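File shown: query05.pdb. Contents: PDB, C-alpha atoms (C1' of nucleotides).
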ATOM      1  CA  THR F   2     146.539  -3.800 188.964
ATOM      2  CA  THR F   3     144.616  -2.167 186.122
ATOM      3  CA  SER F   4     143.375   1.361 185.579
ATOM      4  CA  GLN F   5     139.637   1.792 185.105
ATOM      5  CA  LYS F   6     140.365   3.328 181.701
ATOM      6  CA  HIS F   7     142.271   0.149 180.837
ATOM      7  CA  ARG F   8     139.377  -2.070 181.933
ATOM      8  CA  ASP F   9     136.887  -0.019 179.922
ATOM      9  CA  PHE F  10     139.080  -0.225 176.826
ATOM     10  CA  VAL F  11     139.548  -3.978 177.312
ATOM     11  CA  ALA F  12     135.892  -4.836 177.941
ATOM     12  CA  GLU F  13     134.728  -3.858 174.447
ATOM     13  CA  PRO F  14     136.205  -3.733 170.942
ATOM     14  CA  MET F  15     138.045  -0.499 170.239
ATOM     15  CA  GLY F  16     136.108   0.292 167.065
ATOM     16  CA  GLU F  17     136.922   3.932 166.315
ATOM     17  CA  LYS F  18     138.149   5.077 169.723
ATOM     18  CA  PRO F  19     140.760   7.848 169.584
ATOM     19  CA  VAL F  20     144.300   7.240 170.761
ATOM     20  CA  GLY F  21     143.319   9.137 173.909
ATOM     21  CA  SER F  22     141.130   6.164 174.838
ATOM     22  CA  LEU F  23     144.290   4.151 175.555
ATOM     23  CA  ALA F  24     145.154   3.551 179.205
ATOM     24  CA  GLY F  25     147.850   5.916 180.407
ATOM     25  CA  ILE F  26     147.325   8.000 177.253
ATOM     26  CA  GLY F  27     145.664  11.262 178.211
ATOM     27  CA  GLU F  28     145.069  14.518 176.412
ATOM     28  CA  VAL F  29     148.728  15.525 176.097
ATOM     29  CA  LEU F  30     150.175  12.173 175.048
ATOM     30  CA  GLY F  31     147.232  11.316 172.806
ATOM     31  CA  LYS F  32     147.429  14.735 171.170
ATOM     32  CA  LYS F  33     151.149  14.256 170.544
ATOM     33  CA  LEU F  34     150.486  10.823 169.035
ATOM     34  CA  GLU F  35     147.783  12.242 166.759
ATOM     35  CA  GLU F  36     150.243  14.947 165.702
ATOM     36  CA  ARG F  37     152.785  12.236 164.868
ATOM     37  CA  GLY F  38     150.204  10.718 162.490
ATOM     38  CA  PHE F  39     148.773   7.897 164.631
ATOM     39  CA  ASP F  40     145.568   9.908 164.910
ATOM     40  CA  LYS F  41     143.530   6.852 165.909
ATOM     41  CA  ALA F  42     143.890   4.057 168.434
ATOM     42  CA  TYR F  43     143.611   1.365 165.759
ATOM     43  CA  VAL F  44     146.465   3.004 163.834
ATOM     44  CA  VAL F  45     148.569   2.690 166.989
ATOM     45  CA  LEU F  46     147.464  -0.942 167.293
ATOM     46  CA  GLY F  47     148.433  -1.643 163.690
ATOM     47  CA  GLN F  48     151.817  -0.213 164.614
ATOM     48  CA  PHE F  49     151.736  -2.546 167.631
ATOM     49  CA  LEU F  50     150.834  -5.534 165.447
ATOM     50  CA  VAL F  51     153.553  -4.570 162.965
ATOM     51  CA  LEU F  52     155.899  -4.602 165.966
ATOM     52  CA  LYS F  53     154.554  -8.162 166.448
ATOM     53  CA  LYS F  54     152.979  -7.118 169.769
ATOM     54  CA  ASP F  55     156.453  -6.471 171.199
ATOM     55  CA  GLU F  56     156.362  -4.740 174.576
ATOM     56  CA  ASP F  57     159.796  -3.137 174.297
ATOM     57  CA  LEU F  58     159.320  -2.028 170.686
ATOM     58  CA  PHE F  59     155.872  -0.566 171.320
ATOM     59  CA  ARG F  60     156.789   1.125 174.603
ATOM     60  CA  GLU F  61     160.072   2.629 173.388
ATOM     61  CA  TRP F  62     158.394   3.772 170.170
ATOM     62  CA  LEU F  63     155.587   5.355 172.205
ATOM     63  CA  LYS F  64     158.115   7.051 174.490
ATOM     64  CA  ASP F  65     160.003   8.502 171.523
ATOM     65  CA  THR F  66     156.728   9.356 169.643
ATOM     66  CA  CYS F  67     154.963  11.269 172.453
ATOM     67  CA  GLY F  68     157.222  11.306 175.523
ATOM     68  CA  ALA F  69     155.457   8.827 177.800
ATOM     69  CA  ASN F  70     157.423   7.545 180.776
ATOM     70  CA  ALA F  71     157.812   3.873 181.658
ATOM     71  CA  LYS F  72     154.459   4.009 183.466
ATOM     72  CA  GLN F  73     152.368   5.356 180.597
ATOM     73  CA  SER F  74     154.087   3.287 177.901
ATOM     74  CA  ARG F  75     153.737   0.162 180.051
ATOM     75  CA  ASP F  76     150.039   0.842 180.640
ATOM     76  CA  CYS F  77     149.464   1.413 176.922
ATOM     77  CA  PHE F  78     151.238  -1.804 175.947
ATOM     78  CA  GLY F  79     149.362  -3.746 178.609
ATOM     79  CA  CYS F  80     146.043  -2.393 177.371
ATOM     80  CA  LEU F  81     146.826  -3.252 173.749
ATOM     81  CA  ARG F  82     148.126  -6.731 174.600
ATOM     82  CA  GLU F  83     145.148  -7.560 176.817
ATOM     83  CA  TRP F  84     142.712  -6.353 174.160
ATOM     84  CA  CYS F  85     144.518  -8.511 171.594
ATOM     85  CA  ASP F  86     144.177 -11.484 173.935
ATOM     86  CA  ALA F  87     140.485 -10.763 174.522
ATOM     87  CA  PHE F  88     139.323 -10.197 170.935
ATOM     88  CA  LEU F  89     142.191 -10.830 168.501
TER      89      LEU F  89
ATOM     90  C1'  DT U   1     173.923  10.775 192.144
ATOM     91  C1'  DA U   2     169.002  12.099 195.777
ATOM     92  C1'  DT U   3     165.873  15.518 195.657
ATOM     93  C1'  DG U   4     162.697  18.330 193.759
ATOM     94  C1'  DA U   5     159.975  19.456 190.042
ATOM     95  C1'  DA U   6     157.183  18.453 186.376
ATOM     96  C1'  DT U   7     153.961  15.939 184.310
ATOM     97  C1'  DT U   8     150.556  13.164 183.865
ATOM     98  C1'  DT U   9     146.805   9.714 184.745
ATOM     99  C1'  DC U  10     143.499   7.456 187.912
ATOM    100  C1'  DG U  11     140.178   8.351 191.570
ATOM    101  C1'  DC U  12     136.155  11.851 193.924
ATOM    102  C1'  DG U  13     132.357  15.013 194.858
ATOM    103  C1'  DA U  14     128.483  18.400 193.288
ATOM    104  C1'  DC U  15     125.258  19.237 189.863
ATOM    105  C1'  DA U  16     121.828  18.684 186.793
ATOM    106  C1'  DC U  17     119.497  15.548 184.119
ATOM    107  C1'  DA U  18     116.121  12.087 182.726
ATOM    108  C1'  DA U  19     112.595   7.627 183.422
ATOM    109  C1'  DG U  20     109.164   4.876 186.368
ATOM    110  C1'  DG U  21     105.752   4.414 189.956
ATOM    111  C1'  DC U  22     101.295   6.240 192.414
ATOM    112  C1'  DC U  23      97.385  10.014 192.419
ATOM    113  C1'  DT U  24      94.040  12.060 190.295
ATOM    114  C1'  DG U  25      90.180  13.150 187.166
ATOM    115  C1'  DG U  26      87.232  13.078 183.139
ATOM    116  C1'  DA U  27      85.559  10.832 179.112
ATOM    117  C1'  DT U  28      83.369   6.737 178.483
ATOM    118  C1'  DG U  29      78.883   3.019 178.229
ATOM    119  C1'  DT U  30      75.247   1.399 181.423
ATOM    120  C1'  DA U  31      71.095   1.553 184.620
ATOM    121  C1'  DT U  32      67.436   4.757 185.947
ATOM    122  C1'  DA U  33      63.650   7.519 185.168
ATOM    123  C1'  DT U  34      59.550   8.704 182.448
ATOM    124  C1'  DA U  35      55.607   9.952 178.663
ATOM    125  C1'  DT U  36      52.318   7.132 174.670
ATOM    126  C1'  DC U  37      49.385   3.779 172.763
ATOM    127  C1'  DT U  38      47.320  -0.193 171.968
ATOM    128  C1'  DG U  39      45.422  -4.597 171.351
ATOM    129  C1'  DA U  40      45.267  -8.168 174.817
ATOM    130  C1'  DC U  41      43.100  -9.147 179.984
ATOM    131  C1'  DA U  42      39.419  -9.245 182.410
ATOM    132  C1'  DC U  43      34.589  -8.459 183.214
ATOM    133  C1'  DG U  44      29.937  -9.535 182.341
ATOM    134  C1'  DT U  45      25.854 -11.536 180.061
ATOM    135  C1'  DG U  46      22.417 -16.010 177.933
ATOM    136  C1'  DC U  47      22.142 -21.004 178.024
ATOM    137  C1'  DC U  48      22.087 -26.082 178.173
ATOM    138  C1'  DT U  49      24.120 -29.803 178.863
ATOM    139  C1'  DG U  50      26.795 -31.809 181.898
ATOM    140  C1'  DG U  51      26.740 -32.008 186.914
ATOM    141  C1'  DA U  52      24.128 -33.306 191.153
ATOM    142  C1'  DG U  53      20.803 -36.398 193.550
ATOM    143  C1'  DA U  54      17.566 -40.991 194.305
ATOM    144  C1'  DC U  55      17.068 -46.332 193.503
ATOM    145  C1'  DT U  56      18.747 -51.028 192.279
ATOM    146  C1'  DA U  57      22.545 -55.520 191.494
ATOM    147  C1'  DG U  58      25.549 -57.865 192.010
ATOM    148  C1'  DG U  59      29.535 -58.885 191.402
ATOM    149  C1'  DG U  60      33.865 -57.136 192.976
ATOM    150  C1'  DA U  61      36.036 -57.203 196.972
ATOM    151  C1'  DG U  62      37.407 -58.005 202.094
ATOM    152  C1'  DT U  63      38.337 -61.929 205.235
ATOM    153  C1'  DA U  64      39.272 -66.515 207.573
ATOM    154  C1'  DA U  65      41.367 -71.516 207.194
ATOM    155  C1'  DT U  66      45.531 -74.383 205.033
ATOM    156  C1'  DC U  67      49.837 -75.912 202.397
ATOM    157  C1'  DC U  68      53.921 -75.999 201.607
ATOM    158  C1'  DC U  69      57.580 -74.286 200.551
ATOM    159  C1'  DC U  70      61.004 -71.927 200.105
ATOM    160  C1'  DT U  71      63.398 -68.534 202.188
ATOM    161  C1'  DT U  72      65.495 -67.519 205.945
ATOM    162  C1'  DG U  73      69.144 -69.658 209.180
ATOM    163  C1'  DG U  74      73.994 -72.489 210.581
ATOM    164  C1'  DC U  75      78.858 -75.637 209.457
ATOM    165  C1'  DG U  76      82.971 -77.566 206.795
ATOM    166  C1'  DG U  77      86.072 -77.104 203.385
ATOM    167  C1'  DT U  78      88.028 -75.689 199.488
ATOM    168  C1'  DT U  79      89.717 -73.196 197.472
ATOM    169  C1'  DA U  80      90.070 -69.319 193.746
ATOM    170  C1'  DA U  81      89.323 -65.031 194.256
ATOM    171  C1'  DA U  82      90.754 -61.028 196.940
ATOM    172  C1'  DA U  83      94.700 -58.269 199.462
ATOM    173  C1'  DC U  84      99.196 -56.531 199.670
ATOM    174  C1'  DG U  85     104.392 -55.406 197.891
ATOM    175  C1'  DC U  86     107.183 -54.527 194.243
ATOM    176  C1'  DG U  87     109.434 -52.997 189.643
ATOM    177  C1'  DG U  88     108.383 -50.629 185.911
ATOM    178  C1'  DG U  89     107.613 -48.041 181.526
ATOM    179  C1'  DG U  90     104.458 -46.083 179.253
ATOM    180  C1'  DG U  91     100.652 -42.973 179.587
ATOM    181  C1'  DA U  92      98.830 -38.543 181.100
ATOM    182  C1'  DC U  93     100.580 -33.936 181.713
ATOM    183  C1'  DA U  94     103.100 -28.937 180.926
TER     184       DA U  94
END
Could you show the structure in this file as structure tokens?
Amino acid sequence: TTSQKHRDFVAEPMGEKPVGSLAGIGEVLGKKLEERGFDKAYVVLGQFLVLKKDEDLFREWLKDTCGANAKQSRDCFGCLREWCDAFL
DNA sequence: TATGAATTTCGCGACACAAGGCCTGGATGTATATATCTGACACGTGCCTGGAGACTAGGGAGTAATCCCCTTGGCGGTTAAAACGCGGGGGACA
């Protein structure tokens, strides 16, 4: 259902977690995202909120911004959406 | 395109690490022991007045006869008090 990384990210507010803290976002993808400018997880979330929490927008943008497959982009969107439901 | 490859991300074991629960001992105040002195504790003496002994009085006190009386003892009934059940709501309790 959910990755343990996803559950850990969901359980608490993100605060200042790096983009690598996102579920399905490891060293390589998180590093690529930081190179693209979204150096922080909350920057990526602001992008996600600007996309009006859209799954397709966020996942396709993530895929074209770091190279994540459907799995990693889907996990990242799910993590962001569930965190938004929990705290936002 | 179906297959492999790549890639990656989540799940897994060894390692070292630190924090908490008994074991132990020593510093800690308390009870034990002991030398010093000093005026009270006790001892002992002279005495005289209270204690001890004899004689008397008589009135207090023990004891028997009597009354009555009142205190013990029993019955009926009529209760009004006492006994028992209940609901509570307010007081004692934490």
Q. Which neighbours of residue F:37 fall inside 12 Å, counting all atoms listed in the file, when residues of the same chain fewer than 2 positions from it are skipped, and could you give them as a PyMOL selection string?
A. chain F and resi 20+30-35+39-41+44-45+62-63+65-68
Q. Rounded to one decimal in Å, what is the spacing between atom CA of residue F:69 and atom CA of residue F:22?
A.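 So the two atoms, atom CA of residue F:69 and atom CA of residue F:22, lie 14.9 Å apart.
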Q: Expand the PyMOL selection byres ((chain F) within 10 of (chain U)) into the individual residues it matches in the shown file, reporting them as a VMD selection string.
A: chain F and resid 3 to 6 24 to 30 69 to 70 72 to 73
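As for atom CA of residue F:58 and atom CA of residue F:21, they are spaced 19.8 Å apart.
Our summary of the geometry notes that atom CA of residue F:74 is positioned 12.6 Å from atom CA of residue F:7.
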Q.
Excluding residue F:81 and its own-chain neighbours fewer than 3 positions away, which residues fall within 9 Å of it when counting all atoms listed in the file? Please give them as a ChimeraX atom specification.
A. /F:10-11,23-24,46,49,54,76-78,84-86
